[PDB]
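> Next one to model:
(7 chains, ligands or ions: 3)
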Amino acid sequence: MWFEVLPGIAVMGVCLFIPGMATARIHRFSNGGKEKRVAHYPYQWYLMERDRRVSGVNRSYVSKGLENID
Amino acid sequence: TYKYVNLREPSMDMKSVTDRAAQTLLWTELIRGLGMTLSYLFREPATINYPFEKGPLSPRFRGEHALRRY
Amino acid sequence: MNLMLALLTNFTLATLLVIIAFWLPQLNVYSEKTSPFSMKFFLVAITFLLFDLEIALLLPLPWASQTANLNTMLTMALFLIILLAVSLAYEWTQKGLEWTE
Amino acid sequence: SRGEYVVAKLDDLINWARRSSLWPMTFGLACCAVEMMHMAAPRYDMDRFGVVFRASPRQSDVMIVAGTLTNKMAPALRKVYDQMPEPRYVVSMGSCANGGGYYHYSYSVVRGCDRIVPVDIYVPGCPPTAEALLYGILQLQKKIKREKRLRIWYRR
Amino acid sequence: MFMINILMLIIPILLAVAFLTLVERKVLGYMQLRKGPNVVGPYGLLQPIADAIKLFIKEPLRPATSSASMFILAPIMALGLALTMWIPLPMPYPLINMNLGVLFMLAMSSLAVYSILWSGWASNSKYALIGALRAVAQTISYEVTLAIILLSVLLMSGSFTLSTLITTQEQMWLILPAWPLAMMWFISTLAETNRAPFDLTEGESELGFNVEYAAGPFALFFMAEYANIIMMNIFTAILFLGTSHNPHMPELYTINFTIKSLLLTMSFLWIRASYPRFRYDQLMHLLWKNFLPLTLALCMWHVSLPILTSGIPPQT
Amino acid sequence: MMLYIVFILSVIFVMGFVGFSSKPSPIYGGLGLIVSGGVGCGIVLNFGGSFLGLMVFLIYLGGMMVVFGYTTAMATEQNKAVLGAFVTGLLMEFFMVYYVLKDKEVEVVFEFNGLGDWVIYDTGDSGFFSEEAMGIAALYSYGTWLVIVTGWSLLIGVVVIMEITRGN
Amino acid sequence: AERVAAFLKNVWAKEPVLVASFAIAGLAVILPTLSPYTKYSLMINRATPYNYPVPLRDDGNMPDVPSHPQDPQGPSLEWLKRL
Ligand SMILES: CCCCCCCCCCCCCCCCCC(=O)OC[C@H](COP(=O)([O-])OCC[N+](C)(C)C)OC(=O)CCCCCCCCCCCCCCCCC
Ligand SMILES: CCCCCCCCCCCCCCCCCC(=O)OC[C@H](COP(=O)(O)OCCN)OC(=O)CCCCCCCCCCCCCCCCC
Ligand code: SF4
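Numbering: from 1, shown residues only, chains lettered A, B, ... in the order given. Ligands and ions are numbered 1, 2, ... in the order given. Structure data below:
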């Protein structure tokens, strides 16, 4: 019957879900649980590099809050 | 007796002419053809499960010659 | 560096499949087998090129709509597209878009 | 593990792939081509076995000769056979192709396609039923399943 | 971790292409009142694997090509570019977050014509060359409408960034304001990928260019061709059927976005089963006399419509 | 060795030019010009020009060069001089590369330097836009005269080519 | 009055695609002139602050230039919040 066509669709459907699911998880793993920063324009890049210097550890995604201010 | 297959005169009133403009621009009769193939997608296929099922035959079938005994 | 790795991986992968495709069956040993210019086609390519170039002048339109001279910008944007349509009309009427000899 | 065990299982993997994806090139010459179309029709649906309906000569694994092979046609048949990439099998369908059939004693008919190309399976009938050609195709699958190319190379 | 990311994109693409062959054979079967592969594995789930092994252990031809170096360059270029067109796709986060991603996909897509042209030369056959010339003229003709239609849509979006199309459709699909463009974009994607009713190459009784290829090299052209069918339908869904993105539950986006991308890929198989084939002179007239006049007119309309409603999108 | 990416690309740029400048068969000559075009875009991208670099792929490689190859396959009927020229070209490239990498200063018509292209890049930018994109978008606000003459020339190109190719 | 109707009703029957193309292109050239919202497009484009608003040295006679951003003097985007 027609529903015997679905199992092929499920495999094809799952294979198109892995690339999207993998990229989202790998970014969070590599960016300390946050989305990967988006820097399309020079101003955004300048802030990101500044965050690298302010973190102490040379990482753009380690955010320092008020507790870092005297 | 005989009949004509393709001897129609299409009307030239505005409503009829607009009907064929919608058909030309909005692809009405092409989508009418997609629906027919959609119906067959939900019909039970006519395939039999050979070699576990066999095609019907009749007592008059002519196959392998053979020699009989009394 | 990321975009460089992505291109390297895709084409490196394609090369591997190609060479192992021409050799894997050659690990097998099968017995050796032994033993007009068309003008209309050229005009399609040239018509595409001149149309393709005019598209190059239209790609920056989305950024061009951010200006403070919209009256001037909208006048030239419709001029380029109108001129592109004039070229199509000229070929159409001069039998350029035909495939019959 | 033994070498004779790995080769036995590798032979089963290549045989399984080859007999499960037979792509035929059909030489429809005469009435026997009609019965071959009924094997592709919904009743029997050769495609559900992996046997595609139509394949080009260079993408094909089996040649089905369905109809009468004439003397004016024989050179074309041999040329198509020589250009088939290997492995390649030939199925002879119908009395005309098997031995000439009703036109055996004609001046313009090759008496059997097996004197022009090698033949693996003969399907009798005039024409064979679409369920008789299908039985022949499944008999070619089992023949490919018995191949032992790797088990004979390992003993050379 | 980026290298792991690339492999998490490439392998699933090839697996999806492998099982698209099965799904195509079964959807076509049921629309024809039959079944399709259901013997090689349960419901034909092992049919793709059998076909792959068979092709890669079959002897290749490699005729007396005039070059023998274009014969090997053509499938590398086709498959290499086909995988490259996936790297900027937001699903919902791109592998490579390009600022001009929409323009990157046009650029890489216009290079796929060389593999069609080079394989024509390598075959060394005069007739095979004619088939390559007709295919090339088809591809370049229909990417004129891909470029202009895309420009018209981006005038309602404001950038060439692919992830900005997600923001643009945060209140409503672009299919609603731009359905006439969607129609001519959908048909233009069939012609680009040599799909029925535009498959003159595979349309025997008139010609294909990849006729001298067998075994593995043939499968490489096949894999690239089908990966482009999935990619173009993923592009269409992003462009005209935007899926809402929730930053806390990105998997929700991927499931909805995949379902749309599958439904549009099955529509390609649906259209193949329903219509006869265009003549070569007739698909050219469908572009130079019907689509192009409308595409140019709609481009004028979409340059002016945002201005006269005060609806110009932000640059950033 | 990643800091000298621009110079490495330029070296590949020249080698491609020596490829089709030696004039092998047109099929291979066009192949070498596609490689140089791709490398040429790579250089432009690393200087901050993204729209210009991509315009090379879409219009030059995917446009003109496709018409060149398309016309070659249909009107071209598919030696020591070629090899002699090709070997001569590479040697001059090697010596120019060798000297600019030894003393980092070469004088051939102009005074060239060998420190590295990175030393002349601007050190300050905090804009919320792409300076290259803003300039190209100015074609419609500032370049009114440019648009008219360019469009008219393209229109005349259509008229002229049909006149030339009619043959009667 | 009857000549135009006969002409229009014939292209609409034989060339519906071209009839649609010219109607759409014709609206792209006319409506912006008659549209009352075209003036708001320019104001929105002029209001977008890409650059820094460099301050002006105070001389004493500048009552129209605010001393602080939150003073009531200067251009106002109230019209934009309601558009
Ligand atoms: C207020 C301002 C409003 C401005 C905008 C107003 C717009 C008004 C409407 C304009 C018309 C709409 C354009 C429709 C496109 C017309 C293109 C055309 O050329 O038509 C004639 C063309 C050909 O017309 P023809 O062949 O009959 O004849 C042309 C004219 N003569 C007779 C002189 C030759 O039709 C086709 O395109 C053929 C279709 C090929 C087969 C396609 C299969 C269709 C499968 C269904 C797909 C459904 C779409 C899926 C979309 C999914 C998207 C996610
Ligand atoms: C101010 C800024 C804008 C300025 C724009 C000026 C440039 C316009 C560029 C347009 C693009 C070029 C197209 C020009 C070719 C026109 C078509 C043509 O070549 O004529 C061929 C046609 C052949 O005639 P035949 O086939 O024998 O018989 C049936 C004909 N209907 O002969 C014909 O009978 C065709 C009749 C002439 C076509 C007239 C087209 C007028 C289009 C304007 C419509 C605007 C309406 C907008 C309002 C819509 C409101 C809903
Ligand atoms: S064997 Fe019988 S059915 Fe087949 S071609 Fe001959 S006569 Fe016709």
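> ok, residue 54 - how many residues close by?
Picked chain A for this. Neighbour count for residue A:54, taken as other C-beta atoms under 10 Å in any protein chain shown: 12. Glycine gets a C-beta too; all of them are placed from N, C-alpha and C.
> if you could check chain D rather than the one you did, that'd help
Around residue D:54 there are 11 residues (other C-beta under 10 Å).
> Just give the nearest non-adjacent residue to it, would you?
residue D:26 (7.0 Å; C-beta to C-beta, 6 or more residues apart in numbering or on different chains).
> swap in residue B:54?
Counting by C-beta to C-beta, 6+ apart, residue B:54 lies nearest to residue D:131, which is 6.9 Å off, once chain neighbours are set aside.
> Hmm, the one you found is touching residue D:44, no?
Yes. Contact criterion C-beta atoms under 8 Å: residue D:131 and residue D:44 qualify, at 6.6 Å.
> Which strand or helix spans the residue of chain B found nearest chain G?
Minimum separation of chain B from chain G (C-beta to the nearest C-beta) falls at residue B:21, amounting to 4.2 Å. Per DSSP states H and E, residue B:21 falls inside helix B:14-26.
> got the CA positions of that helix in CSV?
Extracted C-alpha coordinates of helix B:14-26, given in CSV (Å, rounded to 0.1, in the frame of the first residue of the first chain):
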residue,chain,number,x,y,z
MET,B,14,-15.1,38.4,-22.1
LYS,B,15,-15.9,35.8,-19.5
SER,B,16,-14.8,32.9,-21.7
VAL,B,17,-11.7,34.8,-22.8
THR,B,18,-10.8,35.5,-19.2
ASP,B,19,-11.4,31.9,-18.4
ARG,B,20,-8.7,30.9,-20.8
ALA,B,21,-6.4,33.6,-19.5
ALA,B,22,-6.6,32.2,-16.0
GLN,B,23,-5.9,28.8,-17.5
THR,B,24,-2.9,30.1,-19.3
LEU,B,25,-1.4,32.1,-16.4
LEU,B,26,-2.4,29.9,-13.4
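> give me the element residue 12 is part of.
Just so you know, I chose chain A. Here residue A:12, judged by DSSP H and E, is contained in helix A:6-30.
> that's the wrong chain, I meant chain C
Applying DSSP H and E as the criterion places residue C:12 in helix C:2-23.
> Point out the other helices and strands that the very next helix or strand once past that helix packs with.
Remark: after helix C:2-23, the chain's next helix or strand is helix C:39-56, criterion DSSP H and E. Packing contacts for helix C:39-56, counted by 3 or more C-beta pairs under 8 Å, 6 or more residues apart in numbering or on different chains; DSSP states H and E, involve helix C:70-93, helix E:126-154, helix F:65-75, helix F:144-166.
> which parts of the helix or strand where the residue nearest to residue B:54 lies are buried?
In this structure, residue D:131 sits in helix D:130-145 according to DSSP H and E. Neighbour counts over helix D:130-145 (16 or more other C-beta atoms under 10 Å in any protein chain shown) mark D:130-134, D:136-137, D:140-141, D:144 as buried.
> Find residues that contact each of residue D:131 and residue D:44.
Common neighbours of residue D:131 and residue D:44 (criterion: C-beta atoms under 8 Å, 6 or more residues apart in numbering or on different chains): B:50, B:55.
> how near is the residue of chain E found nearest chain C to residue E:79?
Across chain E, the shortest distance to chain C (C-beta to the nearest C-beta) belongs to residue E:216, at 2.5 Å. Distance of residue E:216 to residue E:79, given as C-beta to C-beta, to the nearest Å: 11 Å.
> who's more crowded, the two?
A direct count of neighbours by other C-beta under 10 Å for residue E:216 and residue E:79 places residue E:79 higher, at 27 against 23.
> pretty sure that one contacts residue E:223?
Yes. Assessed by C-beta under 8 Å, residue E:79 is found in contact with residue E:223 at 6.2 Å.
> related to what we said a few turns ago, contacts only, for the residue of chain B closest to chain G.
Applying C-beta under 8 Å, 6+ apart to residue B:21 gives the contacts G:12-13, G:16.
> swap the cut-off to 10 Å and go again
Taking C-beta atoms under 10 Å, 6 or more residues apart in numbering or on different chains, we find residue B:21 in contact with G:12-13, G:15-17, G:19-20.
> what does residue F:12 give?
F:35-36, F:38-40, F:42-43.
> try residue D:47
For residue D:47, the contact set (C-beta under 10 Å, 6+ apart) comprises B:47, D:39-40, D:53, E:25-26, E:28-29, E:32, E:34-38, E:44.
> one more time with 6 Å, if that's ok
Going by C-beta atoms under 6 Å, 6 or more residues apart in numbering or on different chains, residue D:47 touches residue E:36.
> Beyond whichever strand or helix holds residue E:22, next helix or strand please.
In the assignment (DSSP H and E), residue E:22 maps to helix E:2-31. For helix E:2-31, the following helix or strand on the C-terminal side (DSSP H and E) is helix E:47-56.
> So that following helix, near chain D or not?
Yes. Residues of helix E:47-56 are located near chain D by C-beta under 6 Å from any C-beta of the partner chain, namely E:50-51, E:53-54.
> any idea how far the residue in chain G that chain B sits nearest to is from residue B:23?
Across chain G, no residue is closer to chain B than residue G:16, which sits at 4.2 Å (C-beta to the nearest C-beta). Going from residue G:16 to residue B:23 by C-beta to C-beta gives 9 Å.
> The two: who's more crowded?
A direct count of neighbours by other C-beta under 10 Å for residue G:16 and residue B:23 places residue G:16 higher, at 18 against 14.
> State the distance from the more buried one to residue B:25.
Distance from residue G:16 to residue B:25, by C-beta to C-beta: 6 Å.
> Repeat that for residue E:15.
40 Å.
> before we move on, what about residue D:150?
Relative to residue B:25, residue D:150 is positioned 62 Å away (C-beta to C-beta).
> Dead centre of chain A: give me the residue that sits there.
Central residue of chain A (C-alpha atoms, centre = their mean): residue A:27, 3.0 Å from the mean position.
> residues in contact with that one?
Per C-beta under 6 Å, 6+ apart, neighbours of residue A:27: A:36, E:93.
> who's in contact with residue B:23?
Residue B:23 touches residue B:29, counting by C-beta under 6 Å, 6+ apart.
> residues near whichever residue of chain D sits closest to chain F, how many?
Closest residue of chain D to chain F, C-beta to the nearest C-beta: residue D:58 (21.5 Å). Counted with other C-beta under 10 Å, the neighbours of residue D:58 add up to 19.
> Please point out which parts of stretch E:114-133 sit buried.
E:114-125, E:128-133.
> what residues does the stretch 201-316 of chain E put near chain G?
Counting by C-beta under 6 Å from any C-beta, the stretch 201-316 of chain E sits next to chain G at E:290, E:293-294, E:297, E:300-301, E:304, E:307-310.
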